[PDB]
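Below is one structure; the comments refer to it alone.
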Amino acid sequence: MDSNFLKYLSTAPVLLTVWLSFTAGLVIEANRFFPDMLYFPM
Amino acid sequence: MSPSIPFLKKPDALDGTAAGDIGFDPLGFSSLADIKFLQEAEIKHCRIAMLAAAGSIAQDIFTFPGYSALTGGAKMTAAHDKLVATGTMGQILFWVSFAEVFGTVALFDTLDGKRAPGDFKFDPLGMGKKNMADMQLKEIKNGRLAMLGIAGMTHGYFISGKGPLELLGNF
Amino acid sequence: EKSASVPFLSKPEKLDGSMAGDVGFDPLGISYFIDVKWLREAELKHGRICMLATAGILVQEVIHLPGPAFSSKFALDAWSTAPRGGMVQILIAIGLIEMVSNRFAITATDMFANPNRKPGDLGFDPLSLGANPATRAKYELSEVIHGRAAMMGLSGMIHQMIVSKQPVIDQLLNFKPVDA
Amino acid sequence: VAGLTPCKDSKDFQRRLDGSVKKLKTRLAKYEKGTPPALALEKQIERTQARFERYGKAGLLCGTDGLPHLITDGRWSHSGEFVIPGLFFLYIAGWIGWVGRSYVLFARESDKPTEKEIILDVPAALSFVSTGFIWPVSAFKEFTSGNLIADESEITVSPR
Amino acid sequence: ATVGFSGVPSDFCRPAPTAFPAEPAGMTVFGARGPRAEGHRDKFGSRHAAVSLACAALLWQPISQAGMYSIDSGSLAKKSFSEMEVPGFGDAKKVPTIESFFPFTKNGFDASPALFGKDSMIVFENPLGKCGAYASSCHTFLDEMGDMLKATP
Amino acid sequence: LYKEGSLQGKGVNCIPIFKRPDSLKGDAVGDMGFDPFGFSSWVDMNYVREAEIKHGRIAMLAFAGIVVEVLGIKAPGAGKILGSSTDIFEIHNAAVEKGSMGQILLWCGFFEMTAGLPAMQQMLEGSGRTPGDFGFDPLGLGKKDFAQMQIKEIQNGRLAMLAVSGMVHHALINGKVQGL
Ligand code: CLA
Ligand code: CLA
Ligand SMILES: CC1=C(C#C/C(C)=C/C=C/C(C)=C/C=C/C=C(C)/C=C/C=C(\C)C#CC2=C(C)C[C@@H](O)CC2(C)C)C(C)(C)C[C@H](O)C1
Ligand SMILES: CC1=C(C#C/C(C)=C/C=C/C(C)=C/C=C/C=C(C)/C=C/C=C(\C)C#CC2=C(C)C[C@@H](O)CC2(C)C)C(C)(C)C[C@H](O)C1
Ligand SMILES: CCCCCCCCCCCCO[C@H]1O[C@H](CO)[C@@H](O[C@H]2O[C@H](CO)[C@@H](O)[C@H](O)[C@H]2O)[C@H](O)[C@H]1O
């Protein structure tokens with residue numbers, strides 16, 4: 001891959017969007033498989 | 001090449017000086033482990049298996065009074081279980097472990113090179129002063145044969161429920 | 001100029017063939033951006049854990065420790081049935097083992113600070129089997145290949161157990177093709 | 001029990017469950033059986049019932065309104081309501097902050113720190129992200145070694 | 001560029017020592033290879049670890065079956081050491097003993113000279129049963145492949 | 001090589017349809033210039049030669065065994081335990097059931113592990129051992145013409161391989177190993 005394209009992908013907004021999309025997916029899937037968790041189960 | 005396996009090269013760690021060394025190590029366990037540790041292990045197995053085989057045969061022939069009552073006529077590994085509940089196997093294991101503490105000390109002396117493998121200096125009757133190499137070869141050979149024999153006896157017992165001699169008399 | 005494993009792709013530049021198991025297999029070029037020392041330490045840890053995992057999944061189906069808690073031929077069921085306090089104890093022990101074996105250098109910034117620290121060498125050789133230069137290279141290659149094979153085998157075992165819902169040996173002896 | 005009643009045995013909680021299920025069933029009555037809307041509403045009913053049952057068994061306390069209430073005082077019988085959740089937060093947040101600070105210093109000692117802050121060096125960033133898992137001991141080590149807290153005479157300040 | 005995960009703090013602008021300890025070549029079974037104080041390997045070497053472990057096992061043998069054994073009734077009877085009452089300690093007539101360190105009975109574990117005992121014994125379960133790789137009562141993977149190859153639409 | 005240049009060696013093509021590959025250098029016994037796919041370029045020649053000898057020997061023994069089974073010659077007491085069936089597949093299944101084939105597998109594998117694997121490993125590490133050489137000449141038939149015996153063994157083993165395959169598939173089709 002072009003190093004210039006890789007630097008563009010390393011630019012701040014691209015990384016922020018990708019990281020926050022990944023985090024949103026993480027939270028969404030956690031809530032999809034373990035929903036309605038108002039508490040830690042103990 | 002190897003005297004035992006003509007087509008295979010002699011194992012590097014086997015010089016041939018040790019008793020019973022015929023270049024038999026096709027898988028090269030001597031190249032993995034220290035040969036002093038392996039020699040100690042082989043002599044140990046040899047002696048234990050010789051005692052075990054002679055014990056199987058002698059237990060078939062004769063049984064001490066009282067032990068028959070405690071084991072209810074059980075033989076071999078069933079006698080083992082019965083006498084574990086009895087507590088006799090516990091005493092044997094305690095004193096064998098007591099011996100094996102000093103056995104560990106002797107093993108590390110061997111690994112340090114001060115002691116020959118399997119040499120506990122036990123010869124009260126002085127039977128090894130004439131030809132120690134000859135006696136050592138005899139011991140190793142009989143021990144290997146006893147290892148194979150105790151294997152055969154124990155697995156025959158597992159197959160049939162009968163001791164060595166009882167099996168031979170009731171094949 | 002070309003990789004040995006994948007002929008049409010070029011040889012990975014960072015893989016110089018010094019490491020055991022190196023066939024020039026790095027199509028995605030992780031080695032370009034991640035130190036090969038870290039990658040090899042990770043590979044060896046993964047392969048060792050998966051060696052033990054495959055051995056455990058295969059062995060604890062036939063031999064168990066005494067007790068109803070430990071009596072489970074199915075490994076995923078053993079995960080739940082085994083005493084939870086014991087499992088947490090194992091987790092804590094693994095943490096302490098990581099800490100001490102890595103000598104407090106457990107991060108990407110400090111793991112290989114000591115030049116003596118080599119990838120995957122944690123000072124573990126209790127019986128000193130690796131002190132022989134002649135067999136050391138063969139042992140290293142065997143360890144890497146074993147780790148790779150065991151990783152693949154453990155992954156397959158876990159997912160085939162998810163599908164079949166039976167142990168590995170039990171599945172192979174009583175196979176029932178997947179239906180929905 | 002503290003000042004309220006267990007939610008597993010509250011008529012208000014049961015009434016709320018009943019109302020939710022009845023709303024879903026009224027919405028379902030107008031859809032053919034087996035159609036995607038019917039399946040979706042049935043799954044909604046199942047999710048509601050599971051949520052209410054799990055809340056009941058969780059040991060949550062419920063007031064006269066019929067809704068679970070949280071006891072965030074320190075009581076160990078209600079740790080899972082605020083304390084353990086908050087410990088997980090603090091762990092994740094300290095991780096984020098520690099790795100971010102490490103990257104700030106890494107970029108500080110670079111040819112172009114501003115270029116490193118707008119166009120990131122994601123190999124080093126991922127390195128720090130990895131390091132962040134022992135941030136408590138690492139941060140305390142920084143503090144005690146004196147690499148964390150700056151001296152009063154080395155920080156710019158406005159005139160009085 | 002930077003190659004991440006170098007493991008070298010100086011690459012990442014992190015604190016580090018300046019002189020790193022050299023790595024000696026010495027091993028202790030049940031121990032590790034690494035820097036140690038002078039004489040550490042000699043005093044606490046593989047010999048120390050192994051012989052100490054052997055002593056520990058020999059001491060475990062009495063401990064595992066710990067208890068007051070008496071033949072006064074005519075048969076060997078085991079009674080917990082907790083039963084004994086000790087004078088001179090006020091309210092505490094019954095005092096902690098070895099069972100406090102080793103609560104085998106409380107957990108329902110039948111210890112023995114060797115770790116496991118009759119009641120608590122390793123369980124060997126035969127996986128094969130009566131199955132066979134092919135042409136057996138059990139339908140194996142090989143059986144599935146043969147049936148599939150001989151199948152009829 | 002026996003009859004080098006006529007029976008085997010460089011410039012020998014048993015099937016002129018395909019050109020004698022340059023990789024086939026005429027140094028290996030049984031080299032008759034047949035390798036249309038050019039495997040000799042990449043394969044390990046000694047390993048593949050040992051594989052050929054092993055395949056041929058097993059095939060020869062298998063031909064003898066199948067012919068005796070179909071002819072109905074049985075050892076004293078074999079019929080009572082296994083049966084009187086002449087079909088090779090039924091005999092195989094019956095012997096597996098009784099335990100005969102299991103013991104043969106155990107001992108053949110023991111011989112492999114202790115003799116063939118070490119010998120092959122040393123030969124591939126450059127011991128100089130002739131492929132397929134185990135020193136098994138108790139009757140001393142090969143002392144006179146070892147090279148002639150070698151070529152005869154290789155060719156007979158190849159023919160036996162083809163014959164055994166044919167016999168098995170003939171038994172599958174007609175129920176007869178002959179297939180007549
Ligand atoms: C899903 C639930 C949830 C959500 C969405 C948020 C969201 C947020 N929390 Mg969090 N928080 C939660 C649950 C949640 N919290 C719970 C349950 C607790 C109780 C433990 C807290 C306690 C908490 C604190 C104490 C703080 C936040 C802060 C924040 C905000 C900034 C966090 C940040 O920048 O992290 C990225 C991390 C950093 C920038 C590093 C520095 C800050 C972190 C929090 C330090 C952590 C370690 C430190 C040693 C803790 C000392 C705490 C002590 C002084 C009380 C953010 C809006 C921060 C805020 O509002 O600041 C104005 C903040 O300081 N939260
Ligand atoms: C059961 C024991 C056994 C063993 C250990 C071997 C070993 C061997 N055979 Mg085999 N062979 C056996 C039985 C056995 N054979 C039997 C019963 C027959 C029929 C009578 C044959 C017929 C035969 C032929 C015709 C040929 C071989 C060949 C080979 C060699 C190459 C295969 C290899 O290295 O795979 C090892 C595995 C790998 C390299 C990677 C794959 C890993 C797999 C998946 C795992 C292997 C599991 C292992 C075999 C199980 C037993 C373990 C146990 C001994 C501890 C090797 C020396 C070939 C050769 O080159 O000979 C010189 C060859 O041409 N064998
Ligand atoms: C150290 C020392 C001394 C000493 C001493 C002592 C006490 C020496 C003791 C030596 C002993 C007991 C030797 C025993 C050897 C037994 C063998 C070889 C058994 C083989 C069995 C086989 C082959 C078998 C079998 C079988 C199988 C498989 C299955 C069965 O169905 C059939 C069958 C039975 C055939 C003394 C005291 C002299 C002092 C001296 O200063 C030094
Ligand atoms: C290092 C060291 C030591 C050591 C050591 C130790 C303890 C070494 C232990 C090594 C071990 C346990 C290795 C295990 C390897 C397992 C593998 C490769 C499994 C592969 C499975 C596959 C391919 C599969 C599969 C399958 C799947 C998925 C689908 C199934 O249908 C079929 C199947 C089952 C076939 C000691 C302690 C001696 C000290 C020494 O000083 C140093
Ligand atoms: C040896 C002295 C060491 C002192 C340091 C110990 C510090 C911390 C000890 C924590 C307490 C031990 O943790 C413990 O809690 C679990 C709660 O489910 C127990 O779980 C189980 O324990 C017993 C069996 O062993 C059973 O009788 C209990 O019914 C069961 O709850 C485990 O016994 C253990 O995991």
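Within segment F:17-76, count every residue that is part of a helix (DSSP H, G or I) and not polar (S, T, N, Q).
Of all residues in segment F:17-76, those part of a helix (DSSP H, G or I) come to F:39-41, F:45-71.
From what's left, not polar (S, T, N, Q): F:39, F:45, F:47-71.
The total comes to 27.
Look at segment B:9-31 and say how many of its residues are part of a helix (DSSP H, G or I) and surrounded by 15 or more Cβ atoms within 10 Å (Cβ to Cβ). Lay out the reasoning, then the answer.
Taking segment B:9-31 as the starting set, the residues that turn out to be part of a helix (DSSP H, G or I) are B:29-31.
Next, only the ones that are surrounded by 15 or more Cβ atoms within 10 Å (Cβ to Cβ) stay: B:30-31.
Residues flagged as part of a helix (DSSP H, G or I) and surrounded by 15 or more Cβ atoms within 10 Å (Cβ to Cβ) within segment B:9-31 amount to 2.
Could you please find all residues in chain A being closer than 24 Å to D:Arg47 by Cα and either touching a strand residue (DSSP E or B) at 6+ places or on another chain (Cβ under 6 Å) or more than 8 Å from chain D (Cβ to nearest Cβ) (or both)?
A:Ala24, A:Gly25, A:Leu26, A:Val27, A:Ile28, A:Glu29, A:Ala30, A:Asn31, A:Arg32, A:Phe33, A:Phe34, A:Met37 - these are the residues of chain A that are closer than 24 Å to D:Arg47 by Cα and either touching a strand residue (DSSP E or B) at 6+ places or on another chain (Cβ under 6 Å) or more than 8 Å from chain D (Cβ to nearest Cβ) (or both).
Looking at (1) in contact with a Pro (Cβ under 8 Å, 6 or more places away or on another chain); (2) free of Cβ contacts under 8 Å to residues at least 24 places away in the same chain, can you tell me which one D:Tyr55 breaks?
It fails just one condition, (2).
Among the numbered criteria (1) away from ligand 5 (no atom under 16 Å from the Cβ); (2) surrounded by 14 or more Cβ atoms within 10 Å (Cβ to Cβ), which single criterion is violated by E:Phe104?
All conditions pass for E:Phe104, except number (1).
Out of B:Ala85, B:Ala116, report the one residue that is away from ligand 4 (no atom under 16 Å from the Cβ) and in a helix (DSSP H, G or I).
Values: B:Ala116 fails: in a helix (DSSP H, G or I).
Sole residue among the options that is away from ligand 4 (no atom under 16 Å from the Cβ) and in a helix (DSSP H, G or I): B:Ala85.
Is it the case, given these coordinates, that C:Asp170 is part of a helix (DSSP H, G or I), within 13 Å of chain E (Cβ to nearest Cβ) and of a type in the set (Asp, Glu)? Show your work before the answer.
On the way: part of a helix (DSSP H, G or I): yes; within 13 Å of chain E (Cβ to nearest Cβ): yes; of a type in the set (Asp, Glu): yes.
It is true that C:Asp170 is part of a helix (DSSP H, G or I), within 13 Å of chain E (Cβ to nearest Cβ) and of a type in the set (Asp, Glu).
How many of the residues in segment B:40-85 are loosely packed, with under 14 Cβ neighbours inside 10 Å and touching a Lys or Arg at 6+ places or on another chain (Cβ under 7 Å)?
Going through segment B:40-85 one residue at a time, the tally reaches 2.
Which numbered condition trips up F:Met161, out of (1) in contact with a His (Cβ under 7 Å, 6 or more places away or on another chain); (2) surrounded by fewer than 16 Cβ atoms within 10 Å (Cβ to Cβ)?
(2)
Go over the candidates C:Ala55, C:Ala69, C:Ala78 one by one and state the one that is more than 16 Å from ligand 1 (Cβ to nearest atom) and surrounded by 17 or more Cβ atoms within 10 Å (Cβ to Cβ). Spell out the reasoning first.
Values: C:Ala55 fails: surrounded by 17 or more Cβ atoms within 10 Å (Cβ to Cβ); C:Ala69 fails: surrounded by 17 or more Cβ atoms within 10 Å (Cβ to Cβ).
After ruling out the rest, the residue left standing is C:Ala78.
Being outside any loop (DSSP other than H, G, I, E, B), touching a helix residue (DSSP H, G or I) at 6+ places or on another chain (Cβ under 7 Å) and within 14 Å of chain B (Cβ to nearest Cβ) is the requirement here; does F:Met123 meet it?
Working: outside any loop (DSSP other than H, G, I, E, B): yes; touching a helix residue (DSSP H, G or I) at 6+ places or on another chain (Cβ under 7 Å): yes; within 14 Å of chain B (Cβ to nearest Cβ): yes.
Judged against the criteria, F:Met123 is a match.
Could you give every pair whose Cβ atoms fall below 7 Å, whose first residue belongs to segment E:79-92 and is at positive phi, and whose second residue is surrounded by 10 or more Cβ atoms within 10 Å (Cβ to Cβ) and in a strand (DSSP E or B), counting only separations of at least 6 or pairs across chains?
Here the result reads none, with nothing in segment E:79-92 linked to a residue that is surrounded by 10 or more Cβ atoms within 10 Å (Cβ to Cβ) and in a strand (DSSP E or B).
Going through segment F:97-120 one residue at a time, which ones are more than 14 Å from chain B (Cβ to nearest Cβ) and within 13 Å of ligand 2 (Cβ to nearest atom)? Working first, answer last.
Keep residues of segment F:97-120 that are more than 14 Å from chain B (Cβ to nearest Cβ), which gives F:97-98, F:100-102, F:104-105, F:107-108.
Residues satisfying the conditions are F:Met101, F:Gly102, F:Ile104, F:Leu105, F:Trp107, F:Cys108.
From the list F:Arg20, F:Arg49, which residue is surrounded by 15 or more Cβ atoms within 10 Å (Cβ to Cβ) and touching a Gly at 6+ places or on another chain (Cβ under 6 Å)? Break it down into steps so the answer makes sense when it comes.
On the way: F:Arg49 fails: touching a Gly at 6+ places or on another chain (Cβ under 6 Å).
Matching residue, one of F:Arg20, F:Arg49: F:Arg20.
Within the bounds of segment D:12-25, is there any residue that is within 27 Å of D:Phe133 (Cα to Cα), touching a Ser or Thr at 6+ places or on another chain (Cβ under 8 Å), assigned to a helix (DSSP H, G or I) and away from ligand 2 (no atom under 16 Å from the Cβ)?
We begin by selecting, within segment D:12-25, every residue within 27 Å of D:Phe133 (Cα to Cα); these are none.
Looking for residues that are within 27 Å of D:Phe133 (Cα to Cα), touching a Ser or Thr at 6+ places or on another chain (Cβ under 8 Å), assigned to a helix (DSSP H, G or I) and away from ligand 2 (no atom under 16 Å from the Cβ), one finds none in segment D:12-25, hence no.
For the condition closer than 28 Å to B:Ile61 by Cα, surrounded by 13 or more Cβ atoms within 10 Å (Cβ to Cβ) and more than 7 Å from ligand 3 (Cβ to nearest atom), what is the one hit in B:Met132, B:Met153, B:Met147? Full working, then the answer.
Working: B:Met132 fails: closer than 28 Å to B:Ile61 by Cα; B:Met153 fails: more than 7 Å from ligand 3 (Cβ to nearest atom).
On inspection, the qualifying residue turns out to be B:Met147.
Please verify whether segment C:74-93 includes one or more residues that are in a loop (DSSP other than H, G, I, E, B) and touching a strand residue (DSSP E or B) at 6+ places or on another chain (Cβ under 9 Å).
The first filter runs over segment C:74-93 and keeps only residues in a loop (DSSP other than H, G, I, E, B), leaving C:74, C:82-83.
From the residues that got through so far, the ones that are touching a strand residue (DSSP E or B) at 6+ places or on another chain (Cβ under 9 Å) too are none.
Looking for residues that are in a loop (DSSP other than H, G, I, E, B) and touching a strand residue (DSSP E or B) at 6+ places or on another chain (Cβ under 9 Å), one finds none in segment C:74-93, hence no.
Going residue by residue through segment F:67-74, is there one that turns out to be away from ligand 5 (no atom under 16 Å from the Cβ), within 14 Å of chain E (Cβ to nearest Cβ) and loosely packed, with under 15 Cβ neighbours inside 10 Å?
No, because not a single residue in segment F:67-74 is away from ligand 5 (no atom under 16 Å from the Cβ), within 14 Å of chain E (Cβ to nearest Cβ) and loosely packed, with under 15 Cβ neighbours inside 10 Å.
When you check F:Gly79 against the structure, is it without any contact (Cβ under 8 Å) to a residue 60 or more places away in the chain, farther than 26 Å from F:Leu1 by Cβ and of a type in the set (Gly, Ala, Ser), yes or no?
Working: without any contact (Cβ under 8 Å) to a residue 60 or more places away in the chain: yes; farther than 26 Å from F:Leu1 by Cβ: yes; of a type in the set (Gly, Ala, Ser): yes.
Taking the combined requirement at face value, the residue satisfies it.
Just checking, which of C:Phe104, C:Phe8 is assigned to a loop (DSSP other than H, G, I, E, B), loosely packed, with under 13 Cβ neighbours inside 10 Å and within 14 Å of another protein chain (Cβ to nearest Cβ)?
Values: C:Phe8 fails: within 14 Å of another protein chain (Cβ to nearest Cβ).
None of the other options fit; the residue is C:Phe104.
Going by the conditions given, is C:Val144 more than 24 Å from C:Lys37 (Cβ to Cβ) and either exposed (fewer than 13 other Cβ atoms within 10 Å of the Cβ) or not hydroxyl-bearing (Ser, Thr, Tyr) (or both)?
Details: more than 24 Å from C:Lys37 (Cβ to Cβ): no; either exposed (fewer than 13 other Cβ atoms within 10 Å of the Cβ) or not hydroxyl-bearing (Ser, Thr, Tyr) (or both): yes.
It is false that C:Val144 is more than 24 Å from C:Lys37 (Cβ to Cβ) and either exposed (fewer than 13 other Cβ atoms within 10 Å of the Cβ) or not hydroxyl-bearing (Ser, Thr, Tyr) (or both).
Has segment F:85-97 got at least one residue that is away from ligand 3 (no atom under 16 Å from the Cβ), under 30 Å from B:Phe24 (Cβ atoms) and in a helix (DSSP H, G or I)? Don't jump to the end; show me each part of the working.
Looking only at segment F:85-97, we keep the residues that are away from ligand 3 (no atom under 16 Å from the Cβ), and these are F:85-97.
Keeping just the survivors that are under 30 Å from B:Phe24 (Cβ atoms) gives none.
No, that holds for no residue.
Any residue that is exposed (fewer than 14 other Cβ atoms within 10 Å of the Cβ) and touching a residue at least 12 places away in the same chain (Cβ under 8 Å) - is there at least one of those in segment C:27-44? Before the answer, list the steps.
From segment C:27-44, those exposed (fewer than 14 other Cβ atoms within 10 Å of the Cβ) are C:27-28, C:30; that's our starting set.
Filter once more, so that each one left must be touching a residue at least 12 places away in the same chain (Cβ under 8 Å): C:27.
Within segment C:27-44, one or more residues are exposed (fewer than 14 other Cβ atoms within 10 Å of the Cβ) and touching a residue at least 12 places away in the same chain (Cβ under 8 Å).
Among the residues of segment F:128-180, write down those that are among the aliphatic types (A, V, I, L, M) and in a loop (DSSP other than H, G, I, E, B).
F:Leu139, F:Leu141, F:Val177, F:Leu180
Can you find a residue that is of a type in the set (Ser, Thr, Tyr), free of Cβ contacts under 8 Å to residues at least 12 places away in the same chain and within 8 Å of chain E (Cβ to nearest Cβ) anywhere in segment C:140-157?
No, segment C:140-157 contains no residue that is of a type in the set (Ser, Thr, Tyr), free of Cβ contacts under 8 Å to residues at least 12 places away in the same chain and within 8 Å of chain E (Cβ to nearest Cβ).
Here's a check for you: in segment E:107-153, which residue that is within 18 Å of C:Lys176 (Cα to Cα) and acidic (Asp, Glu) is farthest from the other protein chains (Cβ to nearest Cβ)?
The residue in question is E:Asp147.
Just one of the numbered conditions (1) more than 24 Å from the chain's Cα centre (by Cα); (2) surrounded by fewer than 17 Cβ atoms within 10 Å (Cβ to Cβ) is not true of D:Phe106; which one?
(2)
Return the residue satisfying two criteria in turn: it lies in segment E:25-66 and is at the interface with chain C (Cβ under 10 Å from one of its Cβ atoms) and over 30 Å from E:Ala114 (Cβ atoms), and of such residues it is surrounded by the most Cβ atoms within 10 Å (Cβ to Cβ).
Let us first name the residues in segment E:25-66 that are at the interface with chain C (Cβ under 10 Å from one of its Cβ atoms), namely E:25-35, E:46, E:49.
With over 30 Å from E:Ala114 (Cβ atoms) added as a condition, the list becomes E:25-26, E:33-35.
Working: E:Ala25: 9, E:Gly26: 16, E:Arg33: 19, E:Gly34: 17, E:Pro35: 13.
Filtering segment E:25-66 for residues that are at the interface with chain C (Cβ under 10 Å from one of its Cβ atoms) and over 30 Å from E:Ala114 (Cβ atoms), the one surrounded by the most Cβ atoms within 10 Å (Cβ to Cβ) comes out as E:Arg33.
Answer yes or no as to whether D:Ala50 is free of Cβ contacts under 8 Å to residues at least 60 places away in the same chain and hydrophobic (A, V, I, L, M, F, W, C).
It is true that D:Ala50 is free of Cβ contacts under 8 Å to residues at least 60 places away in the same chain and hydrophobic (A, V, I, L, M, F, W, C).
Which of the numbered conditions does B:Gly118 fail, given that it passes all the others? Conditions: (1) within 14 Å of another protein chain (Cβ to nearest Cβ); (2) crowded, with 16+ Cβ neighbours inside 10 Å.
All conditions pass for B:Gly118, except number (1).
None of the figures in this text is laboratory data; all of them are computed from the coordinates on show. Backbone-built Cβ (ideal geometry, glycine too); neighbour counts: all protein chains shown.
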